[PDB]
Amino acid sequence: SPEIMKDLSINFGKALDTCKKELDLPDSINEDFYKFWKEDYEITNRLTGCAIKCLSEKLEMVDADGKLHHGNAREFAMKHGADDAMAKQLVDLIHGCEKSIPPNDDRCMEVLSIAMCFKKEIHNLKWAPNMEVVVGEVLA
């Protein structure tokens, strides 16, 4: 649902300021986060990719091989309202995106591709929340 996806989004984005500090990222990536869920908006900036990658790592959603950690991704989804079924459906979308994307050895670009593919799948299911929810109040 969009309600669960909003809650996941807010919690995924809560470390954005911490990640910008760690990676010394410029404020030019902010607009990409404010528009993250805007239908048909494509994020292209690799640095935004590095931020998304950092956010995923903060939630321990990257395994030892650079792929989705399914158990921890499920833990995160369920904490914020997903049942077993939704957790598995979300994890299957991400895994499918990993398998579908143009391969890229730049992990910031790889994460950006997976995030854009996932966003499209969530729009396809009509589960997208309002465009700016990943940011919530983190940048205020």
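Note that residue numbering begins at 1 and tracks the sequence as displayed.
- Across the two stretches, 100-108 and 84-92, the PDB entry reports the greater mean Cα temperature factor for 100-108.
- If you average the C-alpha B-factors over 43-51 and over 62-70, the higher value belongs to 62-70.
- For the set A15, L23, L125, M131, the PDB entry puts the maximum C-alpha B factor at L23.
- The entry lists a Cα temperature factor for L139 that places it in the highest third of the chain's modelled residues.
- Sort the chain's modelled residues by C-alpha temperature factor and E57 lands in the lowest third, per the entry.
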